[PDB]
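Since the structure comes first, as structure tokens, the remarks are kept for the end.
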Protein chains: 2
Amino acid sequence: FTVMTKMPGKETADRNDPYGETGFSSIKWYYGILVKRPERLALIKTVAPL
Amino acid sequence: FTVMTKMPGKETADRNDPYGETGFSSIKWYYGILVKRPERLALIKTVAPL
């Protein structure tokens with residue numbers, strides 16, 4: 001997981017915000033699944049009581 | 001020539017794009033010419049064979 005944080009200060013100072021009060025933090029990742037043998041998976045669909 | 005490059009990542013992250021995916025590169029220059037004696041320049045206008 002890639003975490004990126006930009007605390008308020010000089011680094012956040014910009015034309016839109018000349019003072020630099022705001023900040024943010026973000027997280028992102030990649031994911032995927034490979035099914036080697038689909039024959040070994042099984043499933044039973046049923047209803048459930050209250 | 002002045003060249004500026006900003007690779008994607010921490011330096012590209014901003015309020016508009018918190019993740020920082022994009023990037024760019026730019027080049028600019030100043031040019032000017034001064035003609036002292038235009039009489040010394042010569043020209044002959046003609047057509048050219050195919």
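Chain labels run A, B, ... following the order of the structure tokens; each chain numbers its residues from 1, and ligands are numbered from 1 in the order shown.
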
What's the 9 Å shell around residue A:2, counting only C-alpha atoms, without same-chain residues fewer than 3 positions away, as a PyMOL selection string?
chain A and resi 26-29

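Using only C-alpha atoms, the protein and nucleic acid residues lying no more than 6 Å from residue A:20, apart from those fewer than 6 places from it along its own chain, are residues 8, 9, 12 and 13 of chain A.
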
With C-alpha atoms kept, could you save the residues just selected as an mmCIF file, in the first residue's frame?
```cif
data_model
loop_
_atom_site.group_PDB
_atom_site.id
_atom_site.type_symbol
_atom_site.label_atom_id
_atom_site.label_comp_id
_atom_site.auth_asym_id
_atom_site.auth_seq_id
_atom_site.Cartn_x
_atom_site.Cartn_y
_atom_site.Cartn_z
ATOM 1 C CA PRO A 8 0.495 21.928 5.965
ATOM 2 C CA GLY A 9 3.343 24.384 5.594
ATOM 3 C CA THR A 12 1.441 23.133 0.559
ATOM 4 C CA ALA A 13 1.760 26.850 -0.228
#
```

Using all C-alpha atoms paired in order, least-squares fit chain A onto chain B and give me the moved copy as a PDB file with C-alpha atoms, in the first residue's frame.
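This went into selection-v8.pdb:
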```pdb
ATOM      1  CA  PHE A   1      16.815  27.153 -23.543  1.00  0.00           C
ATOM      2  CA  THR A   2      15.000  26.786 -20.216  1.00  0.00           C
ATOM      3  CA  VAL A   3      14.078  23.176 -19.403  1.00  0.00           C
ATOM      4  CA  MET A   4      11.706  22.407 -16.523  1.00  0.00           C
ATOM      5  CA  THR A   5      10.826  18.858 -15.456  1.00  0.00           C
ATOM      6  CA  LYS A   6       8.464  17.771 -12.674  1.00  0.00           C
ATOM      7  CA  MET A   7       8.609  14.018 -12.128  1.00  0.00           C
ATOM      8  CA  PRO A   8       5.623  12.232 -10.553  1.00  0.00           C
ATOM      9  CA  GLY A   9       5.620  11.958  -6.784  1.00  0.00           C
ATOM     10  CA  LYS A  10       4.914  14.128  -3.773  1.00  0.00           C
ATOM     11  CA  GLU A  11       5.779  17.302  -5.694  1.00  0.00           C
ATOM     12  CA  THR A  12       2.992  16.607  -8.205  1.00  0.00           C
ATOM     13  CA  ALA A  13       0.430  15.698  -5.532  1.00  0.00           C
ATOM     14  CA  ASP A  14      -2.357  18.268  -5.529  1.00  0.00           C
ATOM     15  CA  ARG A  15      -6.047  18.707  -4.784  1.00  0.00           C
ATOM     16  CA  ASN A  16      -6.942  17.760  -8.365  1.00  0.00           C
ATOM     17  CA  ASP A  17      -4.716  14.642  -8.246  1.00  0.00           C
ATOM     18  CA  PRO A  18      -4.370  13.472  -4.621  1.00  0.00           C
ATOM     19  CA  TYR A  19      -2.107  10.569  -5.590  1.00  0.00           C
ATOM     20  CA  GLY A  20       0.319  12.260  -7.982  1.00  0.00           C
ATOM     21  CA  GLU A  21       0.641  10.018 -11.042  1.00  0.00           C
ATOM     22  CA  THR A  22       1.049  12.662 -13.743  1.00  0.00           C
ATOM     23  CA  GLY A  23       4.074  14.703 -14.782  1.00  0.00           C
ATOM     24  CA  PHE A  24       5.378  16.957 -17.518  1.00  0.00           C
ATOM     25  CA  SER A  25       8.387  18.614 -19.134  1.00  0.00           C
ATOM     26  CA  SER A  26       8.615  21.937 -20.961  1.00  0.00           C
ATOM     27  CA  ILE A  27      11.105  24.035 -22.936  1.00  0.00           C
ATOM     28  CA  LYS A  28      10.977  27.743 -23.809  1.00  0.00           C
ATOM     29  CA  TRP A  29      13.256  30.454 -25.173  1.00  0.00           C
ATOM     30  CA  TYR A  30      13.423  34.039 -26.442  1.00  0.00           C
ATOM     31  CA  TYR A  31      14.545  35.045 -29.925  1.00  0.00           C
ATOM     32  CA  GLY A  32      14.982  38.133 -32.074  1.00  0.00           C
ATOM     33  CA  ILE A  33      16.917  39.414 -35.072  1.00  0.00           C
ATOM     34  CA  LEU A  34      18.720  42.710 -35.693  1.00  0.00           C
ATOM     35  CA  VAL A  35      19.526  43.627 -39.302  1.00  0.00           C
ATOM     36  CA  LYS A  36      22.559  45.912 -39.213  1.00  0.00           C
ATOM     37  CA  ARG A  37      22.949  46.442 -42.977  1.00  0.00           C
ATOM     38  CA  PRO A  38      19.909  45.496 -45.099  1.00  0.00           C
ATOM     39  CA  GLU A  39      21.721  46.673 -48.239  1.00  0.00           C
ATOM     40  CA  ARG A  40      23.945  43.583 -48.315  1.00  0.00           C
ATOM     41  CA  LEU A  41      21.064  41.107 -48.634  1.00  0.00           C
ATOM     42  CA  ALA A  42      19.726  40.094 -52.053  1.00  0.00           C
ATOM     43  CA  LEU A  43      17.140  37.648 -53.365  1.00  0.00           C
ATOM     44  CA  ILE A  44      16.046  36.167 -56.710  1.00  0.00           C
ATOM     45  CA  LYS A  45      12.554  34.681 -57.065  1.00  0.00           C
ATOM     46  CA  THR A  46      12.270  31.844 -59.601  1.00  0.00           C
ATOM     47  CA  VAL A  47      10.132  28.800 -60.330  1.00  0.00           C
ATOM     48  CA  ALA A  48      11.471  25.274 -59.973  1.00  0.00           C
ATOM     49  CA  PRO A  49      11.059  22.199 -62.196  1.00  0.00           C
ATOM     50  CA  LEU A  50       9.739  18.825 -61.090  1.00  0.00           C
TER      51      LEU A  50
END
```

All strand (DSSP E or B) positions in chain B, as a ChimeraX atom specification:
/B:2-6,24-28
